[PDB]
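Protein chains in written order, with this note's numbering: chain A, 1 to 13; chain B, 14 to 470; chain C, 471 to 928; chain D, 929 to 1097; chain E, 1098 to 1696.
Input: a single structure, listed below in structure tokens.
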Amino acid sequence: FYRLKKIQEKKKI
Amino acid sequence: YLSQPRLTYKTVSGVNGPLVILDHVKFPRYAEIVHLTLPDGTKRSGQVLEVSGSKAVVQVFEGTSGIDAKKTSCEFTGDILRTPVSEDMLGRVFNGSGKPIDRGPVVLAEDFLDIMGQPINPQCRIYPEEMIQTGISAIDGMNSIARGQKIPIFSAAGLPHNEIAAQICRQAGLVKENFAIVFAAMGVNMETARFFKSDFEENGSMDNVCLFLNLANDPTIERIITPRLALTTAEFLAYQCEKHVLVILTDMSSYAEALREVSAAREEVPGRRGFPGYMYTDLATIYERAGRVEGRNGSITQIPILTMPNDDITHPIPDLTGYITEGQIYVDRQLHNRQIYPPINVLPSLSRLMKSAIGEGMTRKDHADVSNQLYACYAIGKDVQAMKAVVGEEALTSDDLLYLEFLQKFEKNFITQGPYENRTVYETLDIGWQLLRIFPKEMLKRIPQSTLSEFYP
Amino acid sequence: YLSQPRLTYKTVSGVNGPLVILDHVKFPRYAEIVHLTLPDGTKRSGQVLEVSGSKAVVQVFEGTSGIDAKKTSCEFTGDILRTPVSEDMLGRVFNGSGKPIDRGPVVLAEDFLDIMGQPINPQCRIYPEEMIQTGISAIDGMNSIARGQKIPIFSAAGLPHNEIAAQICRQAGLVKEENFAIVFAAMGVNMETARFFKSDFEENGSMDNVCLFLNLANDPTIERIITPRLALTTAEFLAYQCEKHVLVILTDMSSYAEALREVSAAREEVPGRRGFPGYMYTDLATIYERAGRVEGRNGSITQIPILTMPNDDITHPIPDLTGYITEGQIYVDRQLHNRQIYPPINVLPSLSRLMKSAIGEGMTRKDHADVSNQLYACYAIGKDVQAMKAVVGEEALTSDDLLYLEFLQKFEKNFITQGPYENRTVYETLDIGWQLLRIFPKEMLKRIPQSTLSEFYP
Amino acid sequence: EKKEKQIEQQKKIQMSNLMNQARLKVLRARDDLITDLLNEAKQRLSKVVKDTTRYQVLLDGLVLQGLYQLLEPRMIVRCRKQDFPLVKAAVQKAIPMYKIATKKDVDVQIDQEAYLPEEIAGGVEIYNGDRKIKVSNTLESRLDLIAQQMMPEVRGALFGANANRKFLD
Amino acid sequence: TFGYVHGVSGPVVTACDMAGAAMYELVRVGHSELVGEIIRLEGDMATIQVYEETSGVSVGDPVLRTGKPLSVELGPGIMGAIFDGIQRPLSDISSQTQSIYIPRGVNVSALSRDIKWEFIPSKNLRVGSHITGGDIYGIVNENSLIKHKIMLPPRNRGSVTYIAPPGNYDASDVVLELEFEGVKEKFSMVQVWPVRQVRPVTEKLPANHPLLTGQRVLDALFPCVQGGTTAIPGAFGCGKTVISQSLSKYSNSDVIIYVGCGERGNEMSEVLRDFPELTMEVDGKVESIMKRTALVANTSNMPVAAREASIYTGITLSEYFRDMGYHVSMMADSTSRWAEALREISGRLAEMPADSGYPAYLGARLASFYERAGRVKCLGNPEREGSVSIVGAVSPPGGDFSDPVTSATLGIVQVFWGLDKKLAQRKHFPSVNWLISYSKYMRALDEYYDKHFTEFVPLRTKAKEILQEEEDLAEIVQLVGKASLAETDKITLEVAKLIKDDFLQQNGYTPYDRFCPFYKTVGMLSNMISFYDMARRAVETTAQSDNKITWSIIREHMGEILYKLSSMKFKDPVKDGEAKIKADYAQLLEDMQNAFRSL
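So this is what it looks like as structure tokens:
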């Protein structure tokens, strides 16, 4: 879950 | 010495959870403390976590609520969090943030001290070597409290640990003082708070106790700062005044909960069981303020109290607490179900400083050996009880009967104890020898021949 | 063939881990090779993994250290990496990047071959049918292999799998040219492993027909990505071109996986199970199947890689994915190693495609499959009764249970337990198997047909 | 028996070392010869430098290589100070060709402040305006490039193919 | 040029205006001089990890750059002192500031610039000779126990021009001047070295000599080798620190560097207090052991970033002394702490995580660190043979062996000493789980035993088999009680129990068991195995007779002899001659023989 949330947050840029 | 006016801001560029992001701050300072004004008449405070460009981030020590991006103001004092402190804080009771609640005036400070403290240089710290008598046989006889250590108290919900703390702080002494107590409470029931207060008032040593309180109704984030403040006060009294200060913390687990919450708000790296990855470092920072120093006769001892969520030991909180501290005193609910007033399971209760405070000159040469022998015998008692549980009474042997007898008499005499008694060390040793005499001479394999040739009969 | 003058670029717009980001490159090409100059005279090399607009990404083989945005320069070649190729590669040793590690000079590239290889028509491949004698009774027999197959060796840390590899390489031969050439490749190993393998190889005087590579633990991690493909390309050349029967020994593929993890994590690509990137299934497919004979040609490629096994996890991604690709597997168990068995090989999880290679008609002997199967089943029942033994005492066992226990015990004591340097023949192992069969009466031979049973049991 | 086994393995290791040394020496002889031939080629290049006419033609060619390669709006030309007027004339000759080849108007200056080191037998080099992108079209770089690209064919020419080279692809 | 502090967050700091920077260059940040390293570049911006607690730093604070990467100053004055995670003598700082706390930005010389040192140039050093690196060109008796050598730093060569005469010299005084190609250059008795660069060697050599440990358990069953490597995982309270202390006190090596990273400082206090008192005898002289040890410390409460620096500094020093021609060992305490530091730094960089939240390159870094070990033929014409051994200690959270840190370390080291919490719970203080432990240096050591203690070889094998067989029975004993087994089985169980209670147990804090010489262990095991096989053969020979000897009969026959065999462990290495204890063992063996024959 943590890894997926990290990539999702980075997807904004 | 600062002499410039503060800066005031209304640029509240955003909010997210317990954080507030400002914009267009002129040379912001890391770890700067900031006051602010809500649209109504109340006021709050916070601390800067990080800076980048002209943007800044702050954290509100008492929860964010109703803050208006247009109306509120901020005030940058330009300094890291610093507390007032004076000798006269003794006898006074504060809540979180040190605000008086005993109906006295503001704190008139002798000095202003940085909260975060500084590391102590290992070169110039003296190893503790003195033995603090305690009056409980489970502690002195088979472990050791020394002036300067930081042993914690493992406990579980509902179990009777508070009066253990009361007893240890009631009749503390030196084998053959003042013991200014500083007692910080972090998110605990009102009942325990009043219990401790009544106990100290009964002890009649109210001239030597400085209190900090935080009920569970108080703001959540306050708990992260609550203990550091008390420890700073203790350090002041220990080093600038060469007093012997004993320190007690109620619930480190609550502090851990506050910390996990803060870290989760920021989305930081998680490790075991949703904890911050760096909780080890902060626990080290809090726990490491201990031990005496070269040239000064003061001393700092810590007996923090922490609660495992359940009987599990591999939970990260007790595990890391074991890593930092040099031992631990275990409390088992099994003994509590059998109504033994100290429910101290001596077995998992290893302490590391029995080396340098025991032997000739301090107590006697035979202390360590009898403790080791008692360990071995109690352990074999547990094992034979396990064997009994499966095989049945009639399959055992005489040795098993002897071990069961030892187990029963040991739990009956050595551990079971009065609430208000005060056992001397020598009495504990006599009890130990009485217990040892149950076994024959030959079964005592943990004792040198030279010692049993003199003390066995 | 020729090409235009090469281009220099000095626009290093960032550095991040083992990657270096440039821009303003004119007509960048994917998988292009570049060189790097440092503020001093030191040189390095790398390749291109991503391209978009004038931006380009550059992986560095030697790692990253002291890289500047004002002194470091870059050079751009014109094509994919192409590497030296020659018969002289034998009798020589090289590092992870193929440079001469011994004192000999740069090999003379008789030709240039693409590292990435090139595909082969499935129709233009030939089944491998010749059983390769190994001498180990655990391998020959139960898990026979053929000339052109590939079999990984699953093993954990602290186990003597290296000894097994050396034993196999020593005794490699054919059942009845002279022998196999050897293309060895090391993937991040400590000095002990490499030195021991070197000593073993020079013991038999086989340096005249070994080309070897070395990537040690101290070397930069990124080199391991390129290291094994060089060895495979060279082996492919020797097999499909020189018609030499070769044996490629790869080791420590887990380090290859780790390097790929580094590369993916640096690029912030989508991760998957255990943080491993998705596409190493394709990558391992590329690195693995390069073997098997082909029509109209002689020589072959037999590939035995060695995979270390994190903890004891058969379901770990790396060994699992390797299971889906290779056609076999030979398992190593710490239990046998604790019981002092020099070839500690648990035969139960092992499996191979001897499925129609060790027929017996024309091959060694006719009974091969039957004896193998019966030993396998009896061993399984032996393990079962051993498990039942820990539940209830010895008194509760019937006569057949004791017979199974005794058969099991004698089986690992005799069949599995083989001494080093012992070159057992296939017929010898079959006879040993029969002697083990004789422990039971004929009526418990539930699997052997009537004909063979009456032929050999009496 | 183990004395005998020691003796036999001793002779085996000794012979293996001897064979390795033999291979080392012979391969070293081969590549030493190759480097010597490369040095001879450098000498042939150096004598080629001096014939004025073909040298001017080659400089025109190299300048046009640089023009077609960099493609930047601004350019700089560097060369050996002796050949300065020749390359000036070459640039004047070359600019119209590029103008009609790409339809792009570019300004070409010649660095008169810094010149190539003397050890460069000949050739030129181009920068762009900011002197961040470069392209070396010197004669030595060309010699290197064609040498490396030609190496296998020259092996085949000097020594012939191996007997085991049964087919090609 | 100079950068400016764009932003701060924890121990990481982004600095703009840093065009000329490069990776792994030292930098100074803040008005105070806070040392740090660079870890990421992006255009004109940069990233810096800082080794000091970050607080009270403004944006736009100046930042200085230097081309020197992280390095340590190497030379005399090192031993008997203590340093921080970076090379900073704590004692000198405490004398300089006259306080209790370390100043936030203290900056003092690594080595003293005033102590004088006697000097003796080499007897073969002539004007015009060549040494080309690695050659000792002088001797300094830094301390009575150990003599510091000075050799040309590697990557240096040229003829000899000036030679300093014998006598006394202070730091930075010109010792040797060298001329190579018209360039003159001077050297002193102190130099510099980058931390992350591997020092070159002539050649690595195989291990051929055992490295004792002073523990009956470790030396007997799971020996380590000089120049090798190992790891010691185990939960808290399993006494890893005790084993490290014992090894440092009673090894066979010359110099021991103890790198404590992320622990209680009370351990440092213990080392400071105990070691000066204890004395050791070599060359007919007794000297305090502080002279032969150097100590690098990093308390837990210190800033996180310094911890990697400490681990690197320690091995750099070990390397410098391996070049000197000595055997040295290392006590790396809690490398998992180093892993934790890596985790934090990667967290603040928003780098993609790997298993258990650690960075991907944890395995690579551990392998690189542990690769530095090994025996080495050194550079220089006067050949010396040195060696480096690393004895790491791991601290897996939860007490299991599933964390990636431990599994990574298992794949590198050759020797493994597992600890089991229940054993330390038993007060079986040297809690070594022989069942899980193993060692891959059994070979290349049999020659040593064949040359000295040939009988030990069968003995240990027999003991191992007995332990395994005990374990193989214990489960079925536990499931179903006694009175269902043959005499041989119970005999083996009981003798294995006494082995457990006596041989494996070892209390190193009593004065008489602080250290066990190897021959004592050999004799003890010999007596045990002799008794075991004698009893087993005796009972076996009477199996089919009319009077079967049972275990109860053996007890009635030899209870006192068993008691003496148990008390066998009470032999002090001092105050009791080797001859007398050996004779005592022989006499006990004769007694056992007589009692057996009488039956």
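For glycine and all other residues, C-beta sits at the position ideal for the given N, C-alpha and C.
(request) Report yes or no: do three or more beta-carbon pairs, one from the region 367 to 380 of chain B and one from the region 148 to 162 of chain B, lie closer than 8 Å? (result) yes
(message) Measuring alpha carbon to alpha carbon, tell me which residue in E/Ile1212, E/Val1257, E/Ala1541 and E/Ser1536 is nearest E/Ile1228.
(response) E/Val1257
(message) Suppose you measure from the CA of residue 1046 of chain E to the CA of B/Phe107; what does that come to, to the nearest Å?
(response) Outside the displayed span of chain E (1098 to 1696) sits residue 1046 of chain E, for which this structure offers no information.
(request) State whether the region 938 to 952 of chain D contacts the region 840 to 860 of chain C, with contact taken as three or more CB pairs (one from each stretch) at a distance under 8 Å. (result) no
(request) Taking all protein chains shown into account, decide if C/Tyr794 is buried (16 or more other Cβ within 10 angstroms of its Cβ) or exposed. (result) exposed
(message) Could you give the first and the last residue of the continuous beta strand (DSSP E) run that contains C/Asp584?
(response) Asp581 to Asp584
(message) Under 8 Å, Cβ to Cβ, is there at least one residue of chain C near E/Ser1581?
(response) yes
(message) With three or more C-beta pairs closer than 8 Å as the rule, is the region 1169 to 1184 of chain E touching the region 1203 to 1212 of chain E?
(response) yes
(request) Would you please verify whether the beta carbon of D/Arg1083 is less than 8 Å from any beta carbon of chain C? (result) yes
(request) Could you tell me which of E/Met1399, E/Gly1104 and E/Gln1288 sits nearest to E/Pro1200, measuring between CA atoms? (result) E/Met1399
(message) Quick check on this structure: which residue in B/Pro322, B/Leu319, B/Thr320 and B/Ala303 has the alpha carbon closest to the alpha carbon of B/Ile313?
(response) B/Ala303
(request) Express the C-alpha separation of E/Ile1179 and B/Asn310 in angstroms, rounding to a whole number. (result) 25 Å
(message) Can you tell me whether D/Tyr1055 is buried or exposed? The criterion is at least 16 other CB atoms within 10 Å of its CB, across all chains shown.
(response) buried
(request) Could you work out which residue in E/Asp1586, E/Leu1507, E/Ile1658 and E/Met1115 is closest to C/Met779 when comparing CA atoms only? (result) E/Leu1507
(message) Distance check for C/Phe650 and C/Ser556, CA to CA, integer angstroms please.
(response) 17 Å
(request) Return the first residue and the last residue of the alpha helix (DSSP H) that B/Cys390 is part of. (result) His380 to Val404
(request) Say yes only if the C-beta of E/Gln1522 is nearer than 7 Å to one or more non-hydrogen atoms of the ligand FMN, and no if none qualify. (result) Absent from the structure shown: the ligand FMN. Ligands present: none.
(request) Check each candidate in B/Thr338, B/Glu248, B/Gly148 and B/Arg279 and name the one with the smallest Cα separation from B/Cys182. (result) B/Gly148
(message) Under 8 Å, Cβ to Cβ, is there at least one residue of chain D near C/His494?
(response) yes
(request) Report yes or no: is there a C-beta of chain E within less than 8 Å of the C-beta of B/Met129? (result) yes
(message) Going by the DSSP bridge assignment, what does B/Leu35 pair with across the sheet?
(response) B/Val25 and B/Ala69
(request) For E/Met1655, go through chain C and note every residue whose CB falls closer than 9 Å to its CB, in chain order. (result) Per Cβ cutoff of 9 Å: no residues; E/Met1655 is ~30 Å from chain C at best.
(message) With three or more C-beta pairs closer than 8 Å as the rule, is the region 703 to 710 of chain C touching the region 733 to 752 of chain C?
(response) no
(message) If I measure Cβ to Cβ from C/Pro813 and keep anything under 7 Å in the same chain, skipping five residues before and after, which residues do I get?
(response) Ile606, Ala608, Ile634, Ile886 and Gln888
(request) Could you tell me which chain C residues have their CB closer than 8 Å to the CB of D/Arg958, listed as they occur along the chain? (result) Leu578
(request) Identify, in the order they occur along the chain, each residue of the same chain with its Cβ nearer than 6 Å to the Cβ of B/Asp212, setting aside the five sequence neighbours on each side. (result) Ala179
(request) Jot down the residue ranges of each uninterrupted beta strand (DSSP E) in the region 1461 to 1529 of chain E, minimum 3 residues, whole runs only, in chain order. (result) 1471 to 1474 and 1482 to 1490
(message) For C/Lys646 and C/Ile602, I'd like the C-alpha separation in whole angstroms.
(response) 10 Å
(message) Quick check: the Cα distance between C/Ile757 and C/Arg763, rounded to an integer number of angstroms?
(response) 17 Å
(request) Return helix, strand or coil for D/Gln1037, following the three-state DSSP convention. (result) strand
(request) Give a yes or no on contact between the region 1433 to 1449 of chain E and the region 1135 to 1149 of chain E, applying the rule of three or more CB pairs nearer than 8 Å. (result) yes
(request) Identify every residue that forms a DSSP beta bridge with E/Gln1323. (result) Paired residue(s): none; E/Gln1323 is not in a bridge.
(request) Could you work out which residues of chain A lie near E/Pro1494, taking near to mean beta carbons separated by less than 7 Å? (result) The premise fails here: E/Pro1494 is roughly 17 Å from chain A at the closest Cβ pair, so nothing lies under 7 Å.
(request) Could you round the C-beta distance between D/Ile1048 and D/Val1005 to whole angstroms and report it? I think they count as a contact, below 8 Å. (result) Rounded, the Cβ-Cβ distance is 14 Å, inconsistent with contact.
(request) Count the C-beta pairs between the region 327 to 343 of chain B and the region 1490 to 1498 of chain E that are closer than 8 Å, then say yes if the count reaches three, no if not. (result) yes
(request) Return the chain-ordered ranges of every alpha helix (DSSP H) run that is complete within the region 1624 to 1666 of chain E and spans a minimum of 4 residues. (result) 1648 to 1664
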